[PDB]
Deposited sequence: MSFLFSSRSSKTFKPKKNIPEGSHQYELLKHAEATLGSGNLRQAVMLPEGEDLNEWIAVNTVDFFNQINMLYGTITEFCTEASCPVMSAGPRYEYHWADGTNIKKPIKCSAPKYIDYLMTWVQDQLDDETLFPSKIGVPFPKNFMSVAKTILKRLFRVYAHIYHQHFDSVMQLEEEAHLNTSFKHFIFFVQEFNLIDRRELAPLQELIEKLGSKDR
């Protein structure tokens, strides 16, 4: 969001949330690009998750999270580690969050300059990003839930999560197989 027309699309997605009808405020506004919309909300979801998890970092440590889990996850990003290897959740989130940032920082995928079409493979990249972000949601719901309830960050995470699930559901960016944890939750909302 160079502060340009995406910034508006961002302030779009944010402001329209006040309706309280999430199944609507997440749809493509009339005559807007799908890839652009997905890109903008993908970024805001990245920032929201990064900040939210940032609150509980002290409660998520190498001791507190021997593994990323509820369901276990091992970081094989891609190119850099082809063989999935287990590690601590703090290491895992650090790993993936940097990876998601690099996705957002690569103009082949997320261009700043307008008029440049998104890559043809895009929305495979976006779908991947959002599944990995959902895992961060999952860690925070399963193990540190009270660590928030006690903290001041509580209804923020459920609001952002409800936004997340409603959005990805509208656009089919996350497989139901990946929503297996919290499945009890995508049902409530």
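Missing from the model, relative to the deposited sequence, are the ranges 1-19, 90-92, 212-216.
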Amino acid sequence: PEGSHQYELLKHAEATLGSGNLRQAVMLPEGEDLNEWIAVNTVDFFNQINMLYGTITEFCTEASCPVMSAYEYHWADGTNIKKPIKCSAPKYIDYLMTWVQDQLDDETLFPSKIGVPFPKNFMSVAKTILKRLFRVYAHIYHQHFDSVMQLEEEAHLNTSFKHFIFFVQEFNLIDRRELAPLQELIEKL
From here on, numbers count along this sequence of modelled residues.
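The PDB entry records a higher mean C-alpha B factor for 57-65 than for its counterpart among 57-65 and 130-138. Relative to its counterpart among 121-129 and 156-164, 121-129 has the higher mean temperature factor, C-alpha atoms as listed in the PDB entry.
Ranking 35, 41, 48, 143 by the C-alpha B-factor listed in the PDB entry places 143 at the top. In the deposited entry, the Cα temperature factor of residue 179 places it in the middle third of its chain's modelled residues.
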